[PDB]
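A single chain comes next, written as structure tokens; it is the form deposited in one PDB entry.
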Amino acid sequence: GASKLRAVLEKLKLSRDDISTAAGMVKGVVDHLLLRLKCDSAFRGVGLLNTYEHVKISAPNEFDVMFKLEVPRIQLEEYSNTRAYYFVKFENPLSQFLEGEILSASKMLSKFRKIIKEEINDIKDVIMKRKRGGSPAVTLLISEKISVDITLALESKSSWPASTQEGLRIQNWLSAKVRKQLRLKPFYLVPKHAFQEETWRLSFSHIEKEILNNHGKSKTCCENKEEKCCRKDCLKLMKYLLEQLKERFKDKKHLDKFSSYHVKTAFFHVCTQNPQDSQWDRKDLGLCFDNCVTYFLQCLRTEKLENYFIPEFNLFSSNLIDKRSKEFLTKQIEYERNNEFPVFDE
């Protein structure tokens, strides 16, 4: 356990908890985008995932929202054996975007971006960055400080695809009972490329809060004085470490492909490796964070970081992230752990 890590955790907490009108500005903007969307024939059934979210743990002005469409009786077809990327096949409100049997993501996104750019001019009471990529579909910069990512997703209440059968390896930590209840939850499909095909990536981002709010082997983890763990604190420090390193080397392109998603995936693999609440005592914060730092470094060094839900999907493969980029991050983190983390300064 370190007083530096603890002081950083206290700073992050005060930044997160203090009075901000930001979420209110975003809510206004989102509720009017959603209203103008429900007027359109194809986007009539659109809704916010949860009735907001943040990618970066340090920046309270950067937001992350999902607009979802329930797609009952969905037919999925795995693209090029990618395990995570699928064609969407099936009258219903989404027949307008069809090309034969396959549902077009590019055409759906073109209409989505069109209606938002139009509503950006409507709200005179917000600069839209039409940055290429399906997920997030759009990034708004409300005023000169606030940033909002909007993702369009399809929701399916059918059993999770076969590629997930060995994923969510939580049975020795959270129990097979919990693994089974979670697998009954829906799954999402976001427009993404594995670069010119009508493919959708499987998303289980909604499962994170479910586990983070009930993360112990003990049902009483963090519910009392004698059972306070450092799992969330470790996850927060891992995320801040990457954010600060990305900010430190933003002028070069070497850390552009790394995201908090990679940090989260590696952190949850350490949760599977260390299932006992005793392997996460709050007093051992320093050691636990280091087991997290060591595991992520091993991931980069071996070019192996499995999608937590799709074991055959390597987030760190040479085809997704180059060796040079991973070695650059490996060197940067090694310098941070061998200089008392200079990013955690103040």
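We number the residues from 1 along the sequence you see. Take the two forms, superpose them, and find the largest set of C-alpha atoms that agree within 1.5 Å; that set is the rigid core.
Of the other structures of this protein that model both sides of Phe258, every one gives it coordinates; not a third omit it. The records show that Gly134 is omitted from the coordinate set of at least a third of the other eligible entries of this protein. Where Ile102 is followed by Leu103 in the displayed chain, the model omits none of the deposited residues that would sit between the two.
The entry models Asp125 and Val126 with a gap of 1 to 3 deposited residues left without coordinates. Mean C-alpha B-factor is higher over 34-42 than over the other stretch, the pair under comparison being 34-42 and 64-72.
Looking at 243-251 and 258-266 together, the entry lists the larger mean B-factor for 243-251, computed on C-alpha atoms.
Across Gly216, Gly167, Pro186, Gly133, the entry's maximum B-factor at the CA atom is seen for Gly133.
Of the candidates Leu94, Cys234, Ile211, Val148, it is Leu94 whose Cα B-factor is highest according to the PDB record. Ranked by C-alpha B-factor against the other modelled residues of its chain, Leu320 falls in the middle third. Among the modelled residues of its chain, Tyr52 has a C-alpha B-factor that falls in the highest third, as given in the PDB entry. Sorting the modelled residues of the chain by their CA temperature factor places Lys192 in the middle third. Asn121: CA B factor in the highest third of modelled residues in this chain (values from the PDB entry).
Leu285 sits in the middle third of its chain by CA B factor, as recorded in the PDB entry.
In what follows, reference is made to the form deposited in another entry, a form of this protein that is not presented.
Just one residue from the list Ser159, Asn224, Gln165, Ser80 crosses the 2 Å line for C-alpha shift between this form and the one not shown on a rigid core fit, and it is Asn224.
Once both forms are fitted on their core, the CA shift for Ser104 between this form and the one not shown remains under 2 Å.
After superposition on the rigid core, the Cα of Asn314 moves by less than 2 Å between this form and the one not shown.
After superposition on the rigid core, the Cα of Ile57 moves by 2 Å or more between this form and the one not shown. The Cα-Cα distance between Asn319 and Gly134 is shortened by 3 Å or more in that other deposited form relative to the form shown here. Inter-residue distance, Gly134 to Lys304 (Cα): reduced by at least 3 Å in that other deposited form versus the depicted form.
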